[PDB]
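>>> first chunk of the complex, coordinates as they sit in the assembly:
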Amino acid sequence: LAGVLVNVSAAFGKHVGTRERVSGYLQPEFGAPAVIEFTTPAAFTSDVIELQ
């Protein structure tokens, strides 16, 4: 089990806001890609958020 770190605010050039979606895939050299998909919640209210 391994964890990929991404500096999103630098990658997209701005911080992602509330009520916004982000989607993607981590695509290996061969084999099926891991889908990523989430919508940031309506109200940020704590420092670490479980986008899941």
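Looks like it came in fine. Numbers count the residues shown, from 1 in each chain, chains lettered A, B, ... in the order given.
>>> quick one: contacts for the residue lying farthest from the centre of chain A?
For chain A, the largest distance from the centre (Cα atoms, centre = their mean) belongs to residue A:30, which lies 22.6 Å off. For residue A:30, no contacting residues are found, by Cβ atoms under 8 Å, 6 or more residues apart in numbering. From N, CA and C alone the C-beta is placed, and that goes for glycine too.
>>> That one looks like it's in a helix, true?
No - read with DSSP: H, G, I helix; E, B strand; the rest coil, residue A:30 is coil and lies in no helix.
>>> one more chain, chain B:
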Amino acid sequence: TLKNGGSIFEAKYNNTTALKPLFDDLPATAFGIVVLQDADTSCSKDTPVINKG
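The block that follows adds chain B to the chains above:
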């Protein structure tokens, strides 16, 4: 401020540079909000999010 006690119906608000009475100034199509109890400072003027309690 009224999270720390005071009189409703005589609350002021802040147009930049002044303080003026809330209820009398509020426009006909709008509602205003006054925080009466909030433990965790969750309500802010630009984002009034209310949570349990």
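>>> on that earlier part again, roughly how far does the residue farthest from the centre of chain A sit from residue A:36?
Separation of residue A:30 from residue A:36 (Cβ to Cβ, to the nearest Å) stands at 19 Å.
>>> residues touching the residue nearest the centre of chain B, list them.
Nearest to the geometric centre of chain B sits residue B:34, at 2.9 Å (Cα atoms, centre = their mean). With contact set as Cβ atoms under 8 Å, 6 or more residues apart in numbering or on different chains, residue B:34 has these partners: B:2, B:8, B:11, B:22.
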